[PDB]
Amino acid sequence: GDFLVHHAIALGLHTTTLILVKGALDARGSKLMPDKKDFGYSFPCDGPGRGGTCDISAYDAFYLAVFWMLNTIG
Amino acid sequence: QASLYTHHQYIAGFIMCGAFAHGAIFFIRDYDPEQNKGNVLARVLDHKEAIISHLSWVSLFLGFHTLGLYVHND
Amino acid sequence: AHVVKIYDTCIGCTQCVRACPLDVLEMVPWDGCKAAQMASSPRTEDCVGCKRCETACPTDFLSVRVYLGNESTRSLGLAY
Amino acid sequence: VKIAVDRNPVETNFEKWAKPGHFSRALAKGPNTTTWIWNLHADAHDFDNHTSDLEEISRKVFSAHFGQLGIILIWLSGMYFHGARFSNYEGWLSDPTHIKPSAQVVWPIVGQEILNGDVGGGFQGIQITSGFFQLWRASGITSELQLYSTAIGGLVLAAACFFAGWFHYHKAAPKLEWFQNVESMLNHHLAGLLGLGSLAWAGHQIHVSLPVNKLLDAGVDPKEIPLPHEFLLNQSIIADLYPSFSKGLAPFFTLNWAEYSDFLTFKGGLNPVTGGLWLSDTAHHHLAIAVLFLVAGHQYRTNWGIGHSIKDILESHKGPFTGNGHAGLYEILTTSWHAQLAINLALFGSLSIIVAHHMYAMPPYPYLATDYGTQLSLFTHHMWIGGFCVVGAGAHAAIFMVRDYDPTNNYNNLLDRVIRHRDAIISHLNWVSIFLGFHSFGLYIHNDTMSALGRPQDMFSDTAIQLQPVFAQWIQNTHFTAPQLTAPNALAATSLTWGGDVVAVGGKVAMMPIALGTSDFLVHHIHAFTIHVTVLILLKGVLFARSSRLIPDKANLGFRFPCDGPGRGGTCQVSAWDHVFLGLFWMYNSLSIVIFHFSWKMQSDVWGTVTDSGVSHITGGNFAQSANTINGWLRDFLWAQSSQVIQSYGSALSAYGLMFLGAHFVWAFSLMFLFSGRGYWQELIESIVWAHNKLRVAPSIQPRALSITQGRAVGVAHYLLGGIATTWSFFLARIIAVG
Amino acid sequence: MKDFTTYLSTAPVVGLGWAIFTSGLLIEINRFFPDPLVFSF
Amino acid sequence: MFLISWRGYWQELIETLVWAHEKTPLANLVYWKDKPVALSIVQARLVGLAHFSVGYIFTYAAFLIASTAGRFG
Amino acid sequence: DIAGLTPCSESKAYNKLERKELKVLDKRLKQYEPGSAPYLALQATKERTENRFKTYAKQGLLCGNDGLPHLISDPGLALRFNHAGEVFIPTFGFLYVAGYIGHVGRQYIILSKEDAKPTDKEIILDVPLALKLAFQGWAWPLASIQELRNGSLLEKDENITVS
Amino acid sequence: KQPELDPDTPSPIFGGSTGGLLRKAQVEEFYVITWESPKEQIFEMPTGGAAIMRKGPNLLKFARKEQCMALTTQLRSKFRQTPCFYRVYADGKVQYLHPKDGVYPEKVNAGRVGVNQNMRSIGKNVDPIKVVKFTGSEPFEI
């Protein structure tokens, strides 16, 4: 029974680290928003254009990664 | 015992999330790729898609199999 | 207010003006192929930052980008 | 009024299937993005989005109606055939008191056969809480050989229904002149479809009241009971059973209705031994309904200068304040199908919930009052259906206002007057919701605080300080004294929920009067609060759809859009679609609170087993001093009643716990969508696509994340799915182990 | 007939034909072979 | 509450409340010092996650303390 | 003896659990006559339950202090013993099937990149082509390794990136 | 010749609504629109209901600027009618905004000089180095 729970903890850690590393690496510029370095760090979004751009700033990845941090530590 | 353990666990979780947040703030705000033409940080930024994809893969693996074994046992 | 810019990547489709809801930007001389217009932002006291002009701009990459700045009565769309 | 159809309007061919999205020229070009599939699905029924041909739209709707009724009939036939082939209906029929209904038997594969609960009747299977055995017992069915033929008839009718749909779409496609015959549609729905059906069903209940009322309730085995045809034709039989027959059918010709008293009877109530009601009351009710809806469908001028049309009636209704009202509401309805659909769904769900309230306290069937599970199931089912229907009416109101509306020909001073003060209503309802929240929810906070501070004599209680209602009690008093004072010919009251006379069948009390104290007062205020907040959401979505204070050019953006832009501080969830999004959550909240109130009241102060000395309920009357606190709902109701759902793996109820956990899972899964966006997900898909292109295995169709509107749709879908499924599993695993 | 066979390449085909084949195969293997949890050797 | 419902919805309701507050008879005395608007989207999700985290923490801590220091077993 | 676990025949808890299950089955099996259908159903269920408990205890699978079976997943502990089937060969079987699937899907999606409007082929599949490729992938380990040495699977860095 | 605002102008026949016209319109600003409207007709208001409109130039006014650009665009949509805008400050000073060129900013007028623009390919901007000043949002050329 410790096997399963250690693997659940590994899932939580890898997912939180995924969210954080993704928010960090796609910071200077991503393929959807190439000039992300111009709007700083914590901006709401880049507008409803281009099929929808919601929670695209790295601050939002940190948002979701804090959700997963709560889950993993729980 | 349990109170202090959970205390330090959530403290460490928030501190790690903050570490990653400031790591992203670095790329956003304080970065000079001119000085960094050829270092390991530029290399890490260059294959970022591979890092993100393998994190996604390990997460998918863990989630799939953990939830599958739990649902199977249930 | 909202710092609006227009880069040289433009074709003068006259669409980001017939789409702007606040009549903020103009189109005055440009040396193009068939239409020959280029957009410009002469005034920003009324621009709210709705990013409706960025949705219609077909340039890749976009010709106009709204640098979000500070808010005011016009920038917050406040009838009060 | 006449008939107007066209011959071969659309040739029958499998070509238009090979091009999905043909109805949307934007989609028919090709799937260059994975959003194409989701738009194909989300727009196939959007008939007014295909083209502005309201004739074709009406034809599509009138065909989809048959398309739905065919599925309805195949569903009923499937229920009847399950009851026929594999079920204990004969065993249940010979002994309804203890044998439980079962009509589903699983296959032995991986141990799922444990679900075949031991229900008796020489047969094992899955217990059903739909209420089909009690409904069939009221039809004189004696053996399984009848349900086969009934299902055969139903399936033939469903096939004919699909045939009629295809016929009126591709061979007899009508015109807008026929669809817009409001006069004909009413006088044939109201008079024919309703009156004729009610009269037929009343005549049925009149000639089927022999077995249920007399033979079935006399220990006579169903095989022993003469078949219904042996009761119908033979006059000696119906003369021995009911003396009012074989007279000569004289009183009905000369209208001297004096001798017909053995089969059209008005009693009210039920015998604490018979368990159920009598068929004579239902027969008289259906004859009243037939006469009423048949006469009501004869109050409109159609052809022969007799009556008055709807347009003149609408024109002859004007007042001082409004002036020139009801100018074009007839055109409002005859123009758009969305207006009619919203108007229907408006009170359709409300009447569904009213049917739930009239069924839980008035079981119109035999041998189901002791069945404490079917009542909860049907009640909660109909209430959730009513909530969904009301939210859908709120949505289709805005839908009408978006596409099919223009205040020039459909102009009405009523609607524009409602629009001209569209903000005072919202502000005052905001204030009223604040009032109710501080005055219906804060009371629970006060009660918890008082119980925690060590002052039980200060907490709100039926013993410390009473806060119970009297108006509902005065209504119950007027209904209780109604017999012999305000209802002379009546025998009993409206319901046994306020008239004592504890009726019990086999230990289990079939019905006991329901009390109303401070707890019910508080819970009804919570219900009013939630319902008012839901109505606020829906109406503020409907009104602020054509125009608003922030964005005037709001009608051109359509009905289904997420926002306008991050300008003016931020615009999110501004469309009426998003208001329906939030109204779904609020309807969930309200209906859940109401159903929990129902369940816990019924289990604490109503249901139980009667001993020699009084009745011993399920719970020890935990409703009094637990509802006054939020912790009480977790003290004696949620914590206490959840033992079975988590303790049912050892029996045939483990599937209930499985659905329980799975619904929790899908609920949190919905939370995922509800709290996230697309930027993160789109960039993650970008990196995954990078990983793909390295091995050259990516798809030709551009894989994009779900649309913002579709993101919110998936969120709300999984959210309501998880919620309703968890509550279903709970209410359906708890009530089986206590009945 | 031709347009019907063309229609039979969409969701109502493999995705139904598939996963029906697979559910049937797995159920039959678990039916004839009742309860496996480890290989023969 | 702060996570599911987003900003744009609340701007119209705040404008409605402003309409109501400016028209209340004899209640138009000394005004608010700053205009009321809806929380920023960034602010909205920040406060939502703050409530999320703090409620998560308080609930789990109250459980871990009560279910332990009340029974001793 | 590995990990303090004992072979699952010598587990008193395992036999106690089997007896418990059989008693729980028989207590409600005694409700029906030997001729009816439910009785035969319970008889067959008990048959394959006894078969469960008998067939497991062969070639050795360790049950712990709880009496329940415990899978050994380390190669090396499944070797030097008889546990190679717990999870060692199932790994290779799934790898084979997953290869098969990915190989077939990749060769399909590649052979469709050449014709006009390949997107259609992704919503209206080429059923005969899919059937042909479905009956040609059961040698994929051979084709994969030599298609790797070939180089026809490495894209020479001609994709869309942002950095 | 850009026309300036003229008070004492008649208004269209309408009952009332609950949109705009708040304390902001009295002490901060209010916007004005004027347009021809021949062939007395029915129109829709952006912050109300339907109304009638006489022939001959008629003038309206609202609270927010978009509330009038919406009407200008509508007028484009159906029948070719050519309204204008006006601004008002606290001192009563009036400013004419739309259309300054008289040809509807979507179309060029004979010749002007625009600002807030730079001749540079999309992207290729400056990294955060040497941008410590940050001047709010940089024009990148000033």
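The chains carry the letters A, B, C, D, E, F, G and H, assigned in the order they are written, with residues numbered from 1 in each.
The criterion applied here is as follows: a contact is a pair of C-beta atoms (placed from the backbone, for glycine too) under 8 Å apart; a residue touches a chain by one contact, two chains touch by 3 or more.
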item	value
Given chain C and chain E, the chains that contact each of them	D
Pair joined by more contacting C-beta pairs (D-E or D-H)	D-H
Distance from the mean Cα position of chain B to that of chain A, given in whole angstrom	9
Whole-Å separation of chain centres (CA-atom averages), chain D against chain F	34
Gap in Å, rounded to a whole number, between the CA centres of chain F and chain B	30
Separation of mean Cα positions, chain H and chain E [Å, integer]	64
Where chain D touches two or more other chains at once, by residue number	18, 20, 423-424, 549-551, 553, 563-566, 568-571, 675, 684, 686-687, 690
Chain B: positions in contact with at least two other chains	6, 10, 28-29, 31, 45, 48-49, 52, 56
Multi-chain contact residues (two or more partners), chain E	6, 10
For the chain A and chain F complex, residues of the former touching the latter	42-45, 55, 59-60, 63, 66-67, 70, 74
Contact footprint of chain F on chain D as seen in their complex	423-424, 426-428, 430-431, 540, 544, 548-550, 563-564, 566, 568-574, 578-579, 582, 585, 674-675
Residues on chain H engaged by chain F in the complex (per definition of touch)	18, 22-23
Residue numbers on chain C that touch chain H, as the complex places them	3-9, 14, 17-18, 21-23, 25-29, 37-42, 44, 46, 48, 59-63, 67-70, 73-74, 77-80
Chain F partner contacts - residues on chain C that touch it in the complex	76-80
